[PDB]
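Raw contents of run.tsv, TSV, C-alpha atoms and all ligand atoms:
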chain	number	residue	atom	x	y	z
A	191	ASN	CA	78.25	-36.57	-87.65
A	192	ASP	CA	81.56	-37.39	-89.40
A	193	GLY	CA	84.20	-36.82	-86.73
A	194	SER	CA	85.85	-39.95	-85.30
A	195	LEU	CA	88.27	-41.09	-82.57
A	196	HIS	CA	90.84	-43.87	-82.98
A	197	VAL	CA	92.56	-45.18	-79.84
A	198	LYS	CA	95.46	-47.63	-79.52
A	199	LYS	CA	95.54	-49.19	-76.08
A	200	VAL	CA	98.94	-50.73	-75.30
A	201	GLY	CA	100.76	-52.35	-72.40
A	202	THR	CA	104.01	-50.87	-71.02
A	203	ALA	CA	105.77	-54.29	-71.02
A	204	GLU	CA	106.08	-54.83	-74.79
A	205	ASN	CA	103.96	-52.01	-76.24
A	206	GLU	CA	101.47	-54.83	-76.95
A	207	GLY	CA	97.83	-54.09	-77.94
A	208	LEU	CA	95.27	-54.75	-75.13
A	209	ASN	CA	91.59	-55.68	-75.48
A	210	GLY	CA	88.96	-55.25	-72.77
A	211	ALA	CA	89.96	-51.79	-71.54
A	212	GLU	CA	86.72	-49.88	-70.85
A	213	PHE	CA	86.30	-46.17	-71.51
A	214	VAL	CA	83.59	-43.54	-71.11
A	215	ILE	CA	83.41	-40.36	-73.27
A	216	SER	CA	82.59	-37.09	-71.51
A	217	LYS	CA	82.09	-33.47	-72.43
A	218	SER	CA	81.61	-30.32	-70.40
A	219	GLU	CA	78.74	-28.01	-71.32
A	220	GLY	CA	77.79	-24.93	-69.30
A	221	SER	CA	79.20	-22.31	-66.92
A	222	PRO	CA	80.21	-23.67	-64.48
A	223	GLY	CA	80.66	-26.83	-66.49
A	224	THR	CA	78.49	-29.86	-65.89
A	225	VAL	CA	80.02	-33.12	-67.08
A	226	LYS	CA	77.97	-35.35	-69.37
A	227	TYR	CA	78.71	-38.86	-70.72
A	228	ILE	CA	77.60	-40.65	-73.87
A	229	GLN	CA	74.73	-42.89	-72.86
A	230	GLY	CA	73.05	-44.06	-76.05
A	231	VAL	CA	71.73	-43.09	-79.46
A	232	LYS	CA	68.58	-41.34	-80.64
A	233	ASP	CA	67.69	-39.95	-84.06
A	234	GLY	CA	71.19	-40.14	-85.56
A	235	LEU	CA	72.78	-38.56	-82.48
A	236	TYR	CA	74.47	-39.80	-79.35
A	237	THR	CA	72.40	-39.15	-76.22
A	238	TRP	CA	74.04	-37.91	-73.03
A	239	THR	CA	73.63	-38.55	-69.31
A	240	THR	CA	75.11	-36.72	-66.31
A	241	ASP	CA	75.09	-40.12	-64.52
A	242	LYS	CA	78.41	-41.90	-65.03
A	243	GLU	CA	76.84	-45.21	-63.93
A	244	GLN	CA	74.70	-44.99	-67.10
A	245	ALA	CA	77.57	-43.97	-69.38
A	246	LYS	CA	78.26	-46.22	-72.35
A	247	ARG	CA	81.37	-48.35	-71.81
A	248	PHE	CA	83.49	-48.22	-74.98
A	249	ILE	CA	85.75	-51.29	-75.05
A	250	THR	CA	89.14	-51.68	-76.76
A	251	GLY	CA	88.93	-54.28	-79.53
A	252	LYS	CA	85.52	-52.93	-80.60
A	253	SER	CA	84.38	-50.20	-82.99
A	254	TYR	CA	81.20	-48.16	-82.49
A	255	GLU	CA	79.06	-45.99	-84.75
A	256	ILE	CA	75.48	-44.69	-84.76
A	257	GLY	CA	72.88	-47.24	-85.83
A	258	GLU	CA	69.07	-47.07	-85.83
A	259	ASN	CA	68.39	-45.93	-82.25
A	260	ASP	CA	71.26	-48.11	-81.00
A	261	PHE	CA	75.05	-48.45	-81.20
A	262	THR	CA	76.36	-50.44	-84.15
A	263	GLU	CA	79.32	-52.45	-82.79
A	264	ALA	CA	81.91	-54.53	-84.65
A	265	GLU	CA	85.21	-56.28	-83.79
A	266	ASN	CA	88.24	-53.99	-84.13
A	267	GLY	CA	91.99	-54.63	-84.30
A	268	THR	CA	93.73	-55.75	-81.09
A	269	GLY	CA	93.87	-52.89	-78.61
A	270	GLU	CA	91.96	-50.59	-80.98
A	271	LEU	CA	88.87	-48.55	-80.14
A	272	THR	CA	87.04	-46.61	-82.84
A	273	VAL	CA	84.14	-44.24	-82.11
A	274	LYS	CA	82.54	-42.64	-85.20
A	275	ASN	CA	79.90	-39.94	-85.71
A	276	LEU	CA	81.16	-37.59	-83.01
A	277	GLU	CA	79.90	-33.99	-83.16
A	278	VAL	CA	82.44	-31.15	-83.22
A	279	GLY	CA	83.77	-30.15	-79.80
A	280	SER	CA	86.18	-30.98	-76.99
A	281	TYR	CA	85.84	-34.23	-75.05
A	282	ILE	CA	87.55	-36.45	-72.50
A	283	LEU	CA	88.14	-40.15	-73.13
A	284	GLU	CA	88.14	-41.60	-69.64
A	285	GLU	CA	89.44	-45.07	-68.80
A	286	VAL	CA	87.21	-46.76	-66.23
A	287	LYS	CA	88.48	-50.35	-66.22
A	288	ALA	CA	91.88	-51.86	-67.02
A	289	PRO	CA	92.21	-55.03	-69.16
A	290	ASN	CA	92.90	-58.34	-67.42
A	291	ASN	CA	96.39	-58.45	-65.82
A	292	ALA	CA	96.90	-54.76	-66.55
A	293	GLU	CA	96.72	-51.72	-64.27
A	294	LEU	CA	95.59	-48.12	-64.87
A	295	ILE	CA	98.19	-45.33	-64.99
A	296	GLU	CA	96.86	-42.13	-63.39
A	297	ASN	CA	98.09	-39.75	-66.12
A	298	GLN	CA	96.68	-42.05	-68.85
A	299	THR	CA	93.12	-42.31	-67.49
A	300	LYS	CA	91.80	-39.01	-68.90
A	301	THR	CA	92.69	-38.30	-72.52
A	302	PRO	CA	91.46	-34.93	-73.93
A	303	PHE	CA	90.50	-34.96	-77.57
A	304	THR	CA	89.03	-32.39	-79.98
A	305	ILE	CA	86.76	-33.17	-82.93
A	306	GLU	CA	87.36	-30.35	-85.45
A	307	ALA	CA	84.71	-28.83	-87.73
A	308	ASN	CA	84.58	-30.20	-91.29
A	309	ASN	CA	87.24	-32.79	-90.62
A	310	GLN	CA	86.69	-36.48	-91.31
A	311	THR	CA	90.27	-37.49	-90.40
A	312	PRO	CA	90.19	-39.86	-87.35
A	313	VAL	CA	91.72	-38.24	-84.30
A	314	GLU	CA	94.51	-40.54	-83.05
A	315	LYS	CA	95.31	-41.14	-79.38
A	316	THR	CA	97.47	-43.68	-77.54
A	317	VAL	CA	96.62	-44.82	-74.03
A	318	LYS	CA	99.04	-46.88	-71.94
A	319	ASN	CA	98.20	-49.51	-69.35
A	320	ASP	CA	100.86	-51.01	-67.12
A	321	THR	CA	101.80	-54.61	-67.79
A	322	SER	CA	104.79	-56.73	-66.65
A	323	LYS	CA	107.45	-58.57	-68.66
A	324	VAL	CA	110.06	-60.40	-66.56
A	325	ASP	CA	113.35	-61.51	-68.11
A	326	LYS	CA	115.84	-64.02	-66.72
A	327	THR	CA	119.28	-64.65	-68.21
A	328	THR	CA	122.76	-65.95	-67.56
A	329	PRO	CA	124.63	-63.08	-69.25
A	330	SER	CA	128.15	-64.55	-68.83
A	331	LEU	CA	127.73	-68.22	-69.80
A	332	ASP	CA	129.13	-69.46	-73.12
A	333	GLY	CA	126.20	-71.86	-73.38
A	334	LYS	CA	124.16	-73.85	-70.90
A	335	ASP	CA	126.76	-76.26	-69.49
A	336	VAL	CA	128.50	-75.56	-66.18
A	337	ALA	CA	130.60	-77.40	-63.58
A	338	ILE	CA	129.11	-78.36	-60.27
A	339	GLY	CA	130.20	-75.68	-57.77
A	340	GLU	CA	130.77	-73.10	-60.60
A	341	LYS	CA	129.33	-69.72	-59.61
A	342	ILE	CA	126.87	-68.68	-62.33
A	343	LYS	CA	125.88	-65.06	-62.89
A	344	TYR	CA	122.12	-64.63	-63.10
A	345	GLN	CA	120.02	-61.57	-63.93
A	346	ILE	CA	116.31	-61.01	-63.30
A	347	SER	CA	114.72	-57.97	-64.96
A	348	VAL	CA	111.24	-56.40	-64.95
A	349	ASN	CA	109.82	-53.18	-66.39
A	350	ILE	CA	108.91	-50.73	-63.64
A	351	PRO	CA	105.27	-49.55	-63.78
A	352	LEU	CA	104.53	-46.13	-65.28
A	353	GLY	CA	102.14	-45.71	-62.32
A	354	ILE	CA	104.70	-46.76	-59.68
A	355	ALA	CA	104.16	-43.49	-57.77
A	356	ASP	CA	100.38	-43.22	-58.33
A	357	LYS	CA	98.22	-42.90	-55.20
A	358	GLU	CA	94.79	-44.17	-54.09
A	359	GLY	CA	93.75	-41.94	-51.17
A	361	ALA	CA	97.61	-44.78	-49.80
A	362	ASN	CA	99.97	-45.58	-52.69
A	363	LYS	CA	98.89	-47.68	-55.65
A	364	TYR	CA	101.93	-49.95	-55.29
A	365	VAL	CA	102.57	-51.02	-51.69
A	366	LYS	CA	104.73	-53.98	-52.69
A	367	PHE	CA	107.16	-54.58	-55.54
A	368	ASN	CA	108.97	-57.93	-55.36
A	369	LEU	CA	111.09	-60.14	-57.59
A	370	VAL	CA	110.82	-63.87	-56.90
A	371	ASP	CA	112.95	-66.83	-58.00
A	372	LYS	CA	112.26	-70.53	-57.46
A	373	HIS	CA	114.78	-73.10	-58.62
A	374	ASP	CA	115.91	-76.73	-58.50
A	375	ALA	CA	117.03	-78.10	-55.12
A	376	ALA	CA	120.34	-78.83	-56.89
A	377	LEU	CA	120.90	-75.05	-57.28
A	378	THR	CA	122.00	-72.99	-54.23
A	379	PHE	CA	121.51	-69.23	-54.29
A	380	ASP	CA	124.71	-67.51	-53.17
A	381	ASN	CA	123.30	-65.21	-50.50
A	382	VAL	CA	126.45	-63.07	-50.40
A	383	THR	CA	126.62	-59.33	-49.59
A	384	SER	CA	130.30	-58.61	-50.38
A	385	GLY	CA	133.09	-59.64	-52.78
A	386	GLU	CA	133.07	-61.02	-56.32
A	387	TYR	CA	129.70	-62.80	-55.99
A	388	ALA	CA	127.75	-60.16	-54.03
A	389	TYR	CA	124.23	-59.66	-55.37
A	390	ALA	CA	122.95	-56.25	-56.40
A	391	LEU	CA	119.64	-54.55	-57.11
A	392	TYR	CA	119.52	-51.78	-59.70
A	393	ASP	CA	117.13	-49.09	-60.88
A	394	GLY	CA	118.49	-48.72	-64.42
A	395	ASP	CA	122.24	-48.50	-63.83
A	396	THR	CA	122.01	-47.08	-60.27
A	397	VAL	CA	122.54	-49.44	-57.32
A	398	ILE	CA	119.74	-49.42	-54.77
A	399	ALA	CA	121.10	-49.16	-51.23
A	400	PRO	CA	120.48	-52.36	-49.24
A	401	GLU	CA	118.32	-50.67	-46.59
A	402	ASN	CA	115.74	-49.91	-49.36
A	403	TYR	CA	115.01	-53.62	-49.97
A	404	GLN	CA	115.11	-57.03	-48.19
A	405	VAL	CA	116.19	-60.45	-49.50
A	406	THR	CA	114.49	-63.47	-47.94
A	407	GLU	CA	114.90	-67.14	-48.87
A	408	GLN	CA	112.11	-69.72	-49.12
A	409	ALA	CA	112.51	-73.45	-49.95
A	410	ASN	CA	114.65	-73.47	-53.11
A	411	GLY	CA	113.88	-69.85	-53.96
A	412	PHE	CA	114.10	-66.28	-52.72
A	413	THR	CA	112.30	-62.95	-52.76
A	414	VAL	CA	113.70	-59.50	-53.26
A	415	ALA	CA	111.24	-57.01	-51.72
A	416	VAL	CA	111.62	-53.27	-52.30
A	417	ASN	CA	110.75	-51.39	-49.12
A	418	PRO	CA	107.14	-50.02	-49.35
A	419	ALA	CA	108.36	-46.51	-48.53
A	420	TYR	CA	110.99	-46.54	-51.37
A	421	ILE	CA	108.65	-47.92	-54.10
A	422	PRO	CA	107.52	-44.35	-55.17
A	423	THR	CA	111.19	-43.43	-55.82
A	424	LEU	CA	111.58	-46.11	-58.52
A	425	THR	CA	111.97	-44.77	-62.06
A	426	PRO	CA	108.52	-44.92	-63.82
A	427	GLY	CA	108.83	-47.06	-66.96
A	428	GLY	CA	112.50	-47.92	-66.14
A	429	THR	CA	113.94	-51.37	-65.35
A	430	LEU	CA	114.42	-53.10	-62.02
A	431	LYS	CA	117.31	-55.57	-62.29
A	432	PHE	CA	118.54	-58.09	-59.69
A	433	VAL	CA	121.99	-59.50	-60.42
A	434	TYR	CA	123.04	-62.52	-58.34
A	435	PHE	CA	124.93	-65.85	-58.36
A	436	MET	CA	123.88	-69.48	-57.86
A	437	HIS	CA	125.73	-72.76	-58.21
A	438	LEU	CA	124.99	-76.44	-58.61
A	439	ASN	CA	125.37	-78.13	-55.22
A	440	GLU	CA	126.11	-81.73	-54.23
A	441	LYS	CA	122.64	-82.86	-55.39
A	442	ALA	CA	123.43	-82.08	-59.04
A	443	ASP	CA	124.35	-84.78	-61.54
A	444	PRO	CA	124.53	-84.93	-65.38
A	445	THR	CA	121.21	-86.78	-65.84
A	446	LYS	CA	118.87	-83.76	-65.29
A	447	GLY	CA	118.56	-80.13	-66.33
A	448	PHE	CA	118.54	-77.60	-63.47
A	449	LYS	CA	115.91	-74.91	-63.93
A	450	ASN	CA	114.99	-71.68	-62.25
A	451	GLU	CA	112.03	-69.37	-62.91
A	452	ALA	CA	111.37	-65.75	-61.96
A	453	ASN	CA	108.41	-63.38	-61.76
A	454	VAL	CA	107.28	-60.13	-60.18
A	455	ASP	CA	104.82	-59.55	-57.34
A	456	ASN	CA	103.44	-56.00	-57.17
A	457	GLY	CA	99.80	-56.54	-56.14
A	458	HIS	CA	98.64	-55.82	-59.71
A	459	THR	CA	100.33	-57.45	-62.67
A	460	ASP	CA	102.79	-60.20	-63.49
A	461	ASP	CA	104.20	-62.25	-66.41
A	462	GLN	CA	101.82	-64.95	-67.70
A	463	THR	CA	104.78	-66.76	-69.36
A	464	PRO	CA	107.43	-66.45	-66.61
A	465	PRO	CA	111.10	-66.66	-67.83
A	466	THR	CA	113.07	-69.84	-67.16
A	467	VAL	CA	116.74	-70.67	-67.45
A	468	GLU	CA	118.15	-74.18	-67.42
A	469	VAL	CA	121.75	-75.22	-66.89
A	470	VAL	CA	123.34	-78.63	-67.21
A	471	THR	CA	126.53	-80.32	-66.17
A	472	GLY	CA	128.47	-83.03	-67.93
A	473	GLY	CA	129.80	-86.51	-67.23
A	474	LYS	CA	131.45	-89.63	-68.65
A	475	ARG	CA	131.63	-93.26	-67.55
A	476	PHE	CA	134.32	-95.85	-68.35
A	477	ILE	CA	134.65	-99.55	-67.54
A	478	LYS	CA	138.07	-101.25	-67.22
A	479	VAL	CA	138.10	-104.72	-68.83
A	480	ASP	CA	140.46	-107.33	-70.36
A	488	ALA	CA	135.72	-106.04	-65.59
A	489	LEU	CA	138.95	-105.25	-63.72
A	490	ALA	CA	139.42	-103.74	-60.26
A	491	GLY	CA	142.45	-101.86	-58.92
A	492	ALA	CA	142.82	-99.50	-61.94
A	493	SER	CA	143.51	-95.88	-61.03
A	494	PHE	CA	143.02	-92.86	-63.30
A	495	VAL	CA	143.13	-89.06	-63.37
A	496	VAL	CA	141.53	-86.65	-65.83
A	497	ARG	CA	143.54	-84.10	-67.81
A	498	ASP	CA	142.10	-81.10	-69.69
A	499	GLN	CA	144.71	-81.45	-72.44
A	500	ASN	CA	146.75	-84.35	-73.87
A	501	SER	CA	150.06	-83.13	-72.41
A	502	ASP	CA	152.18	-83.43	-69.25
A	503	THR	CA	151.72	-79.77	-68.21
A	504	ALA	CA	147.89	-80.04	-68.49
A	505	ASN	CA	145.74	-79.52	-65.39
A	506	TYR	CA	144.26	-82.31	-63.26
A	507	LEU	CA	140.59	-82.75	-62.40
A	508	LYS	CA	139.71	-82.21	-58.73
A	509	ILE	CA	136.32	-83.19	-57.27
A	510	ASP	CA	135.59	-81.81	-53.82
A	511	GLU	CA	134.38	-84.69	-51.61
A	512	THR	CA	131.75	-82.60	-49.80
A	513	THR	CA	130.37	-80.15	-52.43
A	514	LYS	CA	131.17	-82.33	-55.50
A	515	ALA	CA	132.55	-79.06	-56.96
A	516	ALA	CA	134.84	-79.65	-59.91
A	517	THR	CA	138.00	-77.64	-60.38
A	518	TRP	CA	141.34	-77.94	-62.13
A	519	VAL	CA	144.62	-78.27	-60.26
A	520	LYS	CA	148.22	-78.15	-61.40
A	521	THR	CA	149.64	-81.33	-59.80
A	522	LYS	CA	148.90	-85.03	-59.55
A	523	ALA	CA	149.00	-84.78	-55.75
A	524	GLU	CA	146.10	-82.29	-55.76
A	525	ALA	CA	144.08	-84.34	-58.31
A	526	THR	CA	141.14	-86.66	-57.76
A	527	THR	CA	142.02	-90.31	-58.49
A	528	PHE	CA	139.29	-92.64	-59.74
A	529	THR	CA	140.01	-96.24	-58.72
A	530	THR	CA	137.94	-99.08	-60.17
A	531	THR	CA	136.28	-101.60	-57.86
A	532	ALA	CA	134.98	-105.03	-58.91
A	533	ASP	CA	132.42	-103.39	-61.25
A	534	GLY	CA	135.35	-101.77	-63.13
A	535	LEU	CA	133.58	-98.41	-63.44
A	536	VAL	CA	134.94	-94.87	-63.56
A	537	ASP	CA	132.19	-92.28	-63.06
A	538	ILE	CA	133.32	-88.75	-63.96
A	539	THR	CA	130.60	-86.17	-63.20
A	540	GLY	CA	130.16	-82.43	-62.86
A	541	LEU	CA	132.41	-81.27	-65.76
A	542	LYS	CA	131.71	-78.63	-68.36
A	543	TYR	CA	131.24	-79.91	-71.91
A	544	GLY	CA	134.48	-80.32	-73.89
A	545	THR	CA	137.24	-82.81	-74.76
A	546	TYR	CA	139.25	-84.38	-71.93
A	547	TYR	CA	141.89	-87.06	-71.47
A	548	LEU	CA	141.71	-90.07	-69.18
A	549	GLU	CA	145.16	-91.02	-67.87
A	550	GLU	CA	145.82	-94.37	-66.15
A	551	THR	CA	148.12	-93.92	-63.15
A	552	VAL	CA	148.13	-97.53	-61.71
A	557	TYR	CA	148.30	-105.95	-66.47
A	558	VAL	CA	150.02	-103.48	-68.82
A	559	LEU	CA	149.92	-99.82	-67.76
A	560	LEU	CA	148.52	-97.84	-70.69
A	561	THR	CA	151.05	-95.81	-72.68
A	562	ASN	CA	148.58	-93.26	-74.09
A	563	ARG	CA	145.68	-91.23	-72.73
A	564	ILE	CA	142.11	-91.86	-73.90
A	565	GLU	CA	140.48	-88.76	-75.35
A	566	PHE	CA	136.79	-88.42	-74.47
A	567	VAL	CA	133.97	-85.97	-75.19
A	568	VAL	CA	131.64	-84.62	-72.53
A	569	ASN	CA	128.36	-83.33	-73.96
A	570	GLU	CA	124.56	-83.67	-74.05
A	571	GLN	CA	124.85	-87.32	-75.21
A	572	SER	CA	127.91	-88.50	-73.24
A	573	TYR	CA	126.35	-89.71	-69.94
A	574	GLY	CA	122.60	-90.36	-70.35
A	575	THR	CA	119.48	-90.12	-68.14
A	576	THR	CA	118.87	-92.06	-64.88
A	577	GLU	CA	116.55	-94.49	-66.65
A	578	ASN	CA	118.95	-94.96	-69.60
A	579	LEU	CA	122.60	-94.31	-68.75
A	580	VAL	CA	124.92	-94.54	-71.77
A	581	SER	CA	127.03	-97.76	-71.79
A	582	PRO	CA	130.48	-97.04	-70.20
A	583	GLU	CA	133.38	-96.73	-72.69
A	584	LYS	CA	135.53	-99.87	-72.44
A	585	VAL	CA	139.19	-99.48	-71.53
A	586	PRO	CA	140.93	-102.77	-72.51
A	587	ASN	CA	144.11	-103.96	-70.73
B	601	MG	MG	106.56	-64.28	-70.41
B	602	NA	NA	101.99	-53.04	-63.20
B	603	NA	NA	124.64	-85.06	-69.36

Let me see the structure of the file written as structure tokens.
Amino acid sequence: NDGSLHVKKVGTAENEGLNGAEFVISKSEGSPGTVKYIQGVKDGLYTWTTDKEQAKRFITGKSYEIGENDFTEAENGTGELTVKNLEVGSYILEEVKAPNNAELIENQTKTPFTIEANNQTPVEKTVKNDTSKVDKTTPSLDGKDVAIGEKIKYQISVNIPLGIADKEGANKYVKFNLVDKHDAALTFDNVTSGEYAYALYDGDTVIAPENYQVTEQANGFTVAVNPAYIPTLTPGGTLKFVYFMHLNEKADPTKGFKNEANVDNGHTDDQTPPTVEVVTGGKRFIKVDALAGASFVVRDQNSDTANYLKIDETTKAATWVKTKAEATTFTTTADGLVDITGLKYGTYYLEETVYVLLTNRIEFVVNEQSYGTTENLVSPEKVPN
């Protein structure tokens, strides 16, 4: 009459409360024991059936007590289930249906509970359901700006299901995959040795390459754990893929370059998939009195020992070199323009190498506002002669 059960249903991804999990409540009476389920209410008491198809479905986010020959239901806190007016005795709270975009965990599906005599304190139980949170980061970058060609460290992370080794007859999880799709202007460095080799981890342990397969789609890839190795993954741990991409020749400073990741396990995924965006920088100048024949280089410091900007003709990758000979020269045509693209943000110096030859460098900033978008390019900075 006065005993009660209070359940918190949570997801494994963020310990978040989950509504719409469905439970039945059983007891065992007899020798040998016959199982019975709460079916309904009659004369201040719960009625019982041995037919599980007729068992009352208690749903998380609702509370239930005995009414006049029917259940009195009300809305409960998120992921909470309250069942009042239980008689003294031992019971099993049995999960029969997972919430949307959640999966059952085998050792969470049957929760024993005891209602004690003369005890109105709610009995507290927690029940976990597997959910997915995917994370994507660039753990080495100072900000968001990069040079074209610069190898960028990426990390994709997902919580590993608590039920990763559960079995249905026939494992519960027959695939477990991380997927990335990204801008055409990003190229995944599919490299299996050296500084930029990718790596798949269970916690801090490296998974041997034969236990997964990397495949590339159009502007994306999939990391697929081998079906036979999935039950070895750490339940509740983290699966982490660490890799490198770079901006290719298609990149320019007018767009952001995004990637997005998610998990594919047959069961659950992230409804708000993680994205990362990176940008590159640029600056435009126009030589005027528009003058052609003007040649320049870019220095990374206002000094003679500074480096020189180098732009690879094929990849458009931007690097710094120690001599003028190794530098890229920008020579103005009739339009008078100098179009410097693919730099990291920062302060740089334009140096005229070939009217009066300039006697000082022109300091310029590269940043979010220095170049523009394709529709509205920022006016080139005039260089008078
Ligand atoms: Mg999300
Ligand atoms: Na899951
Ligand atoms: Na820009």

Non-local contacts of residue A:261 (10 Å; only C-alpha atoms; under 6 positions in same chain excluded) as a CSV table (one decimal) with C-alpha atoms, keeping the file's coordinate frame:
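Printed below is selection_1.csv as written:
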chain,number,residue,atom,x,y,z
A,230,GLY,CA,73.0,-44.1,-76.0
A,231,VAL,CA,71.7,-43.1,-79.5
A,232,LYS,CA,68.6,-41.3,-80.6
A,236,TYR,CA,74.5,-39.8,-79.4
A,246,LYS,CA,78.3,-46.2,-72.4
A,253,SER,CA,84.4,-50.2,-83.0
A,254,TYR,CA,81.2,-48.2,-82.5
A,255,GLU,CA,79.1,-46.0,-84.8

Edge lengths and centre, in Å to one decimal, as AutoDock Vina command-line options: that's what I need for the box along x, y and z that holds all listed atoms of stretch 213-217 of chain A plus 4 Å on each side.
--center_x 84.2 --center_y -39.8 --center_z -72.2 --size_x 12.2 --size_y 20.7 --size_z 10.2

Using all atoms listed in the file, find each protein or nucleic acid residue lying at most 7 Å from ligand NA 603 (chain B); present the set as a PDB file with C-alpha atoms, in the frame of the given file.
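Written file, part02.pdb:
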ATOM      1  CA  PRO A 444     124.530 -84.930 -65.380  1.00  0.00           C
ATOM      2  CA  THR A 445     121.210 -86.780 -65.840  1.00  0.00           C
ATOM      3  CA  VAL A 470     123.340 -78.630 -67.210  1.00  0.00           C
ATOM      4  CA  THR A 471     126.530 -80.320 -66.170  1.00  0.00           C
ATOM      5  CA  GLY A 472     128.470 -83.030 -67.930  1.00  0.00           C
ATOM      6  CA  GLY A 473     129.800 -86.510 -67.230  1.00  0.00           C
ATOM      7  CA  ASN A 569     128.360 -83.330 -73.960  1.00  0.00           C
ATOM      8  CA  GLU A 570     124.560 -83.670 -74.050  1.00  0.00           C
ATOM      9  CA  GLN A 571     124.850 -87.320 -75.210  1.00  0.00           C
ATOM     10  CA  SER A 572     127.910 -88.500 -73.240  1.00  0.00           C
ATOM     11  CA  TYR A 573     126.350 -89.710 -69.940  1.00  0.00           C
ATOM     12  CA  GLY A 574     122.600 -90.360 -70.350  1.00  0.00           C
TER      13      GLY A 574
END

Quiz item: Closest to residue A:505 among A:370, A:558, A:519, A:342, using all atoms listed in the file?
Solution: A:519

Please produce, as a tab-separated table, a per-residue contact table for stretch 323-366 of chain A versus stretch 201-209 of chain A (criterion: any atom at most 8 Å away, only C-alpha atoms considered), showing the nearest atom pair and its distance in Å to one decimal, sorted by chain then residue number.
residue	atom	partner	partner_atom	distance
A:323	CA	A:203	CA	5.2
A:349	CA	A:203	CA	6.3
A:351	CA	A:202	CA	7.5
A:352	CA	A:202	CA	7.5

Self-check item: Near-residue A:407 list (12 Å; only C-alpha atoms; drop same-chain fewer than 5 positions) as a PyMOL selection string
Solution: chain A and resi 369-373+378-381+412-415

Self-check item: Test item: which residues lie within 9 Å of (127.6, -68.0, -58.9) counting only C-alpha atoms, as a PyMOL selection string
Solution: chain A and resi 339-344+378-380+387+434-438

Quiz item: Please, which residues have at least one atom within 9 Å of an atom of ligand NA 602 (chain B), using all atoms listed in the file, listed as a PyMOL selection string?
Solution: chain A and resi 202-203+291-295+319-322+349-354+364+456-460

Practice problem: All residues within 12 Å of ligand MG 601 (chain B) are required, counting only C-alpha atoms and all ligand atoms; please report them as a ChimeraX atom specification. | Solution: /A:203-204,321-326,347-348,451-454,460-466

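Of the listed residues A:260, A:516, A:217, A:330, the one whose atoms come nearest to residue A:540 is A:516, with distances taken using all atoms listed in the file.
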
Quiz item: residue A:531: which residues within 7 Å, counting all atoms listed in the file, same-chain residues fewer than 3 positions away excluded, as a ChimeraX atom specification?
Solution: /A:490-491,534-535

Using all atoms listed in the file, can you list as a tab-separated table (two decimals) with C-alpha atoms, keeping the file's coordinate frame the residues within 7 Å of (87.2, -29.4, -77.8)?
chain	number	residue	atom	x	y	z
A	279	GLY	CA	83.77	-30.15	-79.80
A	280	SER	CA	86.18	-30.98	-76.99
A	281	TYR	CA	85.84	-34.23	-75.05
A	303	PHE	CA	90.50	-34.96	-77.57
A	304	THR	CA	89.03	-32.39	-79.98
A	305	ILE	CA	86.76	-33.17	-82.93

Quiz item: What gap, in Å, lies between atom CA of residue A:550 and atom CA of residue A:492?
Solution: 7.3 Å

Practice problem: Please indicate the distance in Å from atom CA of residue A:200 to atom CA of residue A:318, rounded to one decimal place. | Solution: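 According to the coordinates, atom CA of residue A:200 and atom CA of residue A:318 are separated by 5.1 Å.
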
Exercise. Show which residues sit within 12 Å of residue A:264, as a list in words. Count all atoms listed in the file, and ignore same-chain residues fewer than 5 positions away.
Key: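 With the cut-off at 12 Å, the set is residues 248, 249, 250, 251, 252, 253, 254, 255, 256, 257, 270, 271, 272, 273 and 274 of chain A.
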
Can I get the selection written as a CSV table (one decimal), keeping the file's coordinate frame, with C-alpha atoms?
chain,number,residue,atom,x,y,z
A,248,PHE,CA,83.5,-48.2,-75.0
A,249,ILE,CA,85.8,-51.3,-75.0
A,250,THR,CA,89.1,-51.7,-76.8
A,251,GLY,CA,88.9,-54.3,-79.5
A,252,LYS,CA,85.5,-52.9,-80.6
A,253,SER,CA,84.4,-50.2,-83.0
A,254,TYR,CA,81.2,-48.2,-82.5
A,255,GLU,CA,79.1,-46.0,-84.8
A,256,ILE,CA,75.5,-44.7,-84.8
A,257,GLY,CA,72.9,-47.2,-85.8
A,270,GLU,CA,92.0,-50.6,-81.0
A,271,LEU,CA,88.9,-48.6,-80.1
A,272,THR,CA,87.0,-46.6,-82.8
A,273,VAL,CA,84.1,-44.2,-82.1
A,274,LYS,CA,82.5,-42.6,-85.2
